[PDB]
Each structure stands twice: as C-alpha cells, then as structure tokens.
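To start, the structure under review is shown below, and the notes come after it.
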Amino acid sequence: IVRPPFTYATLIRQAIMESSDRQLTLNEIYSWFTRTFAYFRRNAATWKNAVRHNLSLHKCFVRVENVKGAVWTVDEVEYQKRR
Amino acid sequence: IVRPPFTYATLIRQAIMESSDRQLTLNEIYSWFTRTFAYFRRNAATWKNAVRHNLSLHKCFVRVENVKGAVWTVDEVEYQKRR
Amino acid sequence: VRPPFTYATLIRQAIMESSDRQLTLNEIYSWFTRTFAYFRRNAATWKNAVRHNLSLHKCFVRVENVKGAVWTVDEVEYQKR
Amino acid sequence: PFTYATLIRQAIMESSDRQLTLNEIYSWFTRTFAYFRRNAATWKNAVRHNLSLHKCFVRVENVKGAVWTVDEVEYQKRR
Amino acid sequence: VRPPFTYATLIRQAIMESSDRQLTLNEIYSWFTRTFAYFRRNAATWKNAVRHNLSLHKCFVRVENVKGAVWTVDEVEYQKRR
Amino acid sequence: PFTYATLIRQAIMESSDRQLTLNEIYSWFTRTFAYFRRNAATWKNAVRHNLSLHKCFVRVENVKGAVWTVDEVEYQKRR
DNA sequence: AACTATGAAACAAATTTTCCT
DNA sequence: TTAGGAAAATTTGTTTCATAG
DNA sequence: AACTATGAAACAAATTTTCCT
DNA sequence: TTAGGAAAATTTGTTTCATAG
Ligand SMILES: [Mg+2]
Ligand SMILES: [Mg+2]
Ligand SMILES: [Mg+2]
Ligand SMILES: [Mg+2]
Ligand SMILES: [Mg+2]
Ligand SMILES: [Mg+2]
C-alpha cells in the first residue's frame with residue numbers, strides 16, 4: 001500500500017472541490033479518504049487526527065456552521081497563498 | 001513519514017549485505033529496519049509480519065542454523081533471478 | 001469423464017486423512033461442513049487464485065509444446081513441501 | 001484438506017498425458033466448484049445414503065458410540 | 001536589564017491566574033513544579049520551537065527595516081488567542 | 001500559563017521599540033531558560049522567603065487552611 | 001556524489017467545545 | 001445542575017521530509 | 001489522456017515449530 | 001509428560017500497485 005503523493009491540505013481540498021456543493025461535513029471527508037485510497041483504510045486514529053488538525057490549522061479551510069451542524073469549505077484564494 | 005521506495009526483499013537484502021559477516025538474526029533485521037527508517041517505528045505487527053513472510057517465501061533468503069540459533073543470509077544468484 | 005469428486009471419494013478422504021482411520025458420523029459431518037465452506041467461492045476468486053499458484057509454486061512448470069502451453073507437475077518438487 | 005495447489009495437482013494428475021492448458025485447468029475448477037454449489041444443501045442426506053449403500057463403508061461399533069471405516073479392498077473394486 | 005522573571009513576578013502570576021486570586025502554599029508549589037518542568041528544555045529544543053512559532057503564528061510579523069529584519073507583535077492578532 | 005507564543009510576545013513586549021531580531025529573541029530565551037535551570041533546586045525555599053519578605057504577598061487565613069494573596073497596590077510601588 | 005541547515009509537513013497529544021444520556 | 005462519553009475542533013510542541021547551499 | 005487486464009508485491013492471517021516455564 | 005507462551009517460520013489466500021496494451 002502506498003500513500004498518495006499529495007499533502008493532507010491538497011487531499012482535503014480535492015475532496016471538497018469534488019463535492020456537488022463544494023462543502024463536506026467532517027465525516028463525509030473521512031469517507032472520501034477511505035473510499036479513494038487503500039492507505040486510509042487502516043490506522044484511522046492517525047490519519048483522522050491529521051485531517052482534523054489540517055482543517056483547523058490551515059486558514060484555507062473554513063468551517064461553515066449550518067442548521068444541521070457544520071460543513072468544511074475551501075478558501076481558494078487562501079489555499080493559493082504559500083503555494 | 002514516507003516508506004522507502006524499495007521492496008521488502010530489496011531492503012532485507014540491504015540489511016544483510018551491510019552486516020560484517022553477511023548474516024543477521026531475525027531480531028537484528030528488525031533492528032536495522034527501525035534504526036534506518038521512521039516508517040518502521042510504528043505498526044510493528046504489520047511490517048515484522050512482512051519481513052518474516054518475505055524471508056520464508058523467497059528462496060533468495062536462506063536460513064542458516066548455527067550454535068546460537070539461526071541467521072538469515074542471501075543467495076545473490078537467486079536474488080538476481082526475476083530481477 | 002469421471003467426476004472430480006463424489007460423496008464416496010470425499011467420505012473416503014475424510015476417513016483416510018483422520019488419525020485412527022475412523023470417524024463418527026458427526027465427525028464426517030464436521031469434515032463436510034468445512035469442505036463445502038472452502039468451495040463456496042466465485043469464479044473471480046478461484047480463477048485469480050489459480051493463476052497466482054501456478055506462478056508462485058515451483059512444483060508447477062509450464063511446458064510449451066506443439067499446441068501452445070500446458071502446465072505440468074514436478075512431483076519431486078511437490079513432495080518436499 | 002484442500003489448497004489451490006493440491007487441487008491444481010489433482011486436476012493435472014487426473015488427466016491423460018498429465019498435462020493441462022490454463023483453460024483446461026479452468027474447466028476442471030468450474031466443474032469442481034459447480035459440484036459443491038449444486039449439492040450445498042443435500043450432502044448430509046447424500047452422505048447417510050452413501051454410507052448405508054456402499055459396502056466399502058463399514059460401521060464399527062466400539063466402546064462409546066459407533067464409527068465409520070473404509071474397506072479399502074472393497075472400495076478399490078468399484079473403479 | 002531587569003530579569004525576565006523573579007520569584008516575585010512568578011508568585012504573582014500564579015495567584016493572578018488562579019480562580020479566586022488566592023492560593024495555598026501547596027498550590028503555589030504545584031504551580032512552580034509545573035512551571036519549572038516546562039522550562040527544563042535544551043537550546044536545540046527551544047531554538048527550533050521559536051523559529052517554528054514565528055513562522056506559524058500570524059500575530060508575529062517580521063517588519064523588515066533598514067539593516068536586518070526585526071519582528072514585532074500584532075497585539076490585535078494576538079487578541080484571538082486571548 | 002506559558003507557551004512559546006506567550007514567551008516570544010513577552011520578550012518583544014518588554015523590549016524598547018517593541019521589536020527584536022531573531023538573535024535578540026534567542027538571547028532573551030537563553031537568559032530565561034538559564035534562570036529556571038540555575039534555580040531548579042532552590043525555588044521552594046526561595047518562594048517561602050519571598051512570601052514572608054515582601055509585603056505585597058499577604059497570607060489570608062480562612063475557614064480551613066490559609067491562602068496567599070497579592071496586594072496589587074503594594075506590588076506596583078516597587079516596579 | 002555527501003553533509004548541514006532549515007522550513008513545510010507530518011505526527012502525537014493534550015484540551016476544549018458541543019450535543020446527548 | 002452536574003457528571004461522563006463521543007465527535008468534532010482547537011492547540012502545542014516534536015519529528016520527519018525534501019532540498020537549497 | 002482514460003480503461004482493462006494482470007503479475008509482482010503487499011497484506012492479513014492461520015498454523016507450525018522450538019525453546020522455556 | 002502434558003500445558004501453554006512467545007518468538008520465529010512457514011503457509012495460504014486476498015488485496016493493492018504499477019503498467020503493458
Ligand atoms: Mg481552518
Ligand atoms: Mg526463504
Ligand atoms: Mg512458480
Ligand atoms: Mg455400508
Ligand atoms: Mg506564520
Ligand atoms: Mg508577605
């Protein structure tokens with residue numbers, strides 16, 4: 001098994017960008033990771049922690065609260081900075 | 001953390017070829033893996049199983065019993081076949 | 001062509017492979033339970049497994065004759081295991 | 001009991017010229033797996049029937065309970 | 001060159017940060033124990049950590065002037081952490 | 001209480017011009033870590049001494065046990 | 001080809017915040 | 001009104017990776 | 001650029017074998 | 001001499017990866 005050659009930030013952005021409304025709940029993001037790569041079908045304690053850490057740490061990922069909870073979105077302009 | 005871009009057989013051969021007498025016990029091979037790459041400092045249940053599996057499966061790795069137990073060696077001619 | 005297996009050949013196998021060369025009905029049932037469970041696989045599964053075994057085990061050698069390709073068994077390399 | 005290796009050997013071993021193409025091995029496995037699928041729900045009664053029908057299977061009653069044995073001479077007479 | 005810390009400023013910090021602005025001697029000791037344990041780090045450790053924090057937190061802005069580059073604190077940006 | 005951020009901020013805030021080069025921050029941390037290393041075995045007695053020496057620290061005896069408080073007015077004079 | 005130095009990423013954790021029994 | 005638990009977030013400090021010199 | 005087919009590798013496990021309490 | 005335990009080996013069958021076509 002090989003981990004994808006992309007950063008967590010890039011992968012998370014990919015997940016969100018591929019969604020129909022450009023937004024995903026945390027659990028939906030986890031699902032995208034496990035469905036897409038074999039690497040994420042094990043050691044969940046490690047990679048899910050990485051995902052949450054990246055979502056909070058990086059300003060390009062903005063939590064948008066809504067009636068049923070909250071979804072994560074991507075501030076593309078922000079994502080582009082430093083990259 | 002990234003796993004080395006080499007097969008288990010290639011890494012095992014490397015460990016043995018670097019030893020002073022071209023022989024290593026199983027525990028010494030585990031130690032070479034952990035000392036050499038961060039990747040092998042976690043999920044021991046998985047990679048140690050991989051190492052034992054590779055040692056038995058591939059004919060290029062020959063167990064040589066000795067007074068103190070047994071060491072693993074490499075049949076270079078064999079390793080070269082299929083490669 | 002003779003069937004690969006029959007209840008008779010299977011019952012004989014169960015008994016012959018046993019310790020005392022004897023089995024109670026319940027023991028024969030246990031053996032059959034395990035055996036039928038093993039075969040409850042699909043073509044996609046066994047087909048993959050067959051190719052895997054032919055290219056992994058040395059006892060299986062492919063002899064190319066005036067037909068295309070045929071696999072044979074090296075009994076001497078088969079016994080060692 | 002069975003492994004793909006023993007099965008592949010059985011197929012090849014039980015064929016004249018002791019050879020088989022990959023397609024022929026596939027055919028043998030198809031027949032074999034079909035057999036077990038077809039009889040997955042009948043083997044219990046089939047076994048009881050065979051035990052009492054064929055003389056090669058002899059019931060030996062010992063201390064506690066009874067056991068079944070094979071009369072190899074009788075068995076080898078069927079073929 | 002007044003010291004960055006003195007027992008006096010530390011004792012006051014422990015008491016001021018407390019719930020009811022008052023601590024027993026033992027509570028002050030517990031605070032000091034934790035504090036001294038935090039600082040038991042080597043130069044290789046804190047040096048790395050300092051560079052890490054300067055380039056991670058936006059409240060720390062490098063204002064490049066005349067010669068060399070000096071940092072500074074964005075009191076407002078630091079407000080979030082407050 | 002303390003994080004590298006609060007410390008870096010403390011250093012810069014206590015400096016003139018409220019600015020510091022990376023080397024100056026390094027100097028401040030060197031002095032700071034040196035302080036805690038130097039006094040790792042003396043702080044218990046040092047704390048007891050300071051509490052009874054400085055009037056800004058007042059011992060208030062309530063129901064069970066006694067607690068220490070800071071007389072903010074007194075503390076500020078000396079600064 | 002080695003080796004060092006170093007920021008971005010990755011990691012491992014300790015805490016916090018919310019929503020529910 | 002608290003007490004806990006699980007998710008979800010937020011934070012901190014350390015280790016690893018990729019590479020410019 | 002996509003997609004399929006497929007052998008090598010990688011995985012996950014069930015068992016075995018040895019050496020010691 | 002039987003009963004585990006753990007490390008070391010051996011085995012089997014399934015999933016993943018890289019890539020020819
Ligand atoms: Mg964010
Ligand atoms: Mg071997
Ligand atoms: Mg082979
Ligand atoms: Mg009969
Ligand atoms: Mg920053
Ligand atoms: Mg006093």
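We name chains A, B, ... by the order of the sequence lines, and we start the count at 1 in each one. These values consider heavy atoms only, across backbone and side chains, with no hydrogens, waters or symmetry-generated copies.
- Taking the centre of each ring, F:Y4 and E:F60 stay at or above the 6.0 Å mark.
- To the nearest angstrom, P of J:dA8 lies 14 Å from CD of B:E65.
- Between A:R63 and H:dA9 there is a side-chain polar atom (N or O) within less than 4.0 angstrom of OP1 or OP2.
- Atoms OH (A:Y8) and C1' (H:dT16) sit 14 Å apart, rounded to a whole Å.
- Between the CZ atom of B:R3 and the P atom of J:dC17 there is a distance of 10 Å, rounded to whole Å.
- Toward the 5' end of DNA chain H, the nearer of the two residues F:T3 and B:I1, judged by each one's closest nucleotide, is F:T3.
- A distance of 11.5 Å separates CG of D:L7 from CD1 of D:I25, quoted to the nearest 0.5 Å.
- For H:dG13, neither phosphate oxygen OP1 nor OP2 lies less than 4.0 angstrom from any side-chain nitrogen or oxygen of E:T45.
- Taking the ring centroids of A:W32 and A:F37, they lie under the 6.0 Å cut-off.
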* To do: Output, in order, the C-alpha distance, side-chain angles, deciding distance and verdict of side chain to side chain donor-acceptor pair (under 3.5 Å) for E:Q79 and E:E75.
  => CA-CA 6 Å; E:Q79 175 172 52; E:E75 195 58 13; over 6 Å; no
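- Between C:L56 and B:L57, some side-chain heavy-atom pair lies under the 4.5 Å cut-off.
- Atom CZ in C:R81 sits about 13 Å away from atom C1' in J:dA9, given to the nearest Å.
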* Structure fact -> Annotated structure of DNA chain I as dot-bracket, pair cut-off 3.5 Å, Watson-Crick or G-U only, | for inter-strand, is ..|||||||||||||||||||
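- The CG-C1' distance, from A:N66 to H:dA8, rounds to 14 Å in whole Å.
- Residue-to-nucleotide contacts include no donor-acceptor pair under 3.5 Å from the side chain of C:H57 to the base of J:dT12.
- Atom pair D:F2:CZ and J:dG13:P shows a separation of 12 Å (rounding to whole Å applied).
- Of the side-chain N and O atoms in E:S55, one or more sit less than 4.0 angstrom from OP1 or OP2 of G:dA8.
- For the pair C:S30/C:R34, a side-chain contact is recorded, criterion being any heavy-atom separation below 4.5 Å from C-beta on.
- Residue A:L26 has its side chain nearest to H:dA8 when only G:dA12, H:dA8, G:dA9 are considered.
- Put simply, the side chain of A:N54 and the base of G:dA10 share no donor and acceptor less than 3.5 Å apart.
- For E:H52 and H:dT14, a side-chain-to-base donor-acceptor distance below 3.5 Å is present, hydrogens and geometry of angles not being considered.
- Candidate nucleotides J:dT12, H:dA8, I:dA13 were compared by shortest atom distance to the side chain of B:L57, and J:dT12 ranks first.
- Within the nucleic acid shown, F:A5 has no heavy atom closer than 4.0 Å to any nucleic acid atom.
- Between A:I12 atom CD1 and H:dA9 atom P the separation is 12 Å, expressed in whole Å.
- With A:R63 contributing its side chain and A:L55 its backbone, the two residues share no donor-acceptor pair below 3.5 Å.
- Regarding contacts with the backbone of G:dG7, a side-chain N or O of E:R51 is found under 4.0 angstrom from either OP1 or OP2.
- A:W72 comes within contact range of the sugar-phosphate backbone alone, with a heavy-atom separation under 4.0 Å but no base atom that close.
- Regarding B:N49, its CG atom lies at a distance of 13 Å from the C1' atom of I:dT15, rounded to whole Å.
- Side chains of C:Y29 and C:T24: no donor on one and acceptor on the other come within 3.5 Å.
- Residue A:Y30 is classed as a sugar-phosphate contact, given heavy-atom separations below 4.0 Å to backbone atoms only.
- A 4.5 Å side-chain heavy-atom check between C:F5 and D:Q10 finds at least one atom pair inside the cut-off.
- Between B:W47 and B:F40, a ring centre-to-centre spacing shorter than 6.0 Å is recorded.
- In this structure, E:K80 does not pair ionically with E:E77, as no charged nitrogen and carboxylate oxygen lie closer than 4.0 Å.
- Taken residue by residue, residues 36-43 of chain B places heavy atoms nearer than 4.0 Å to DNA chain H at B:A38, B:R41.
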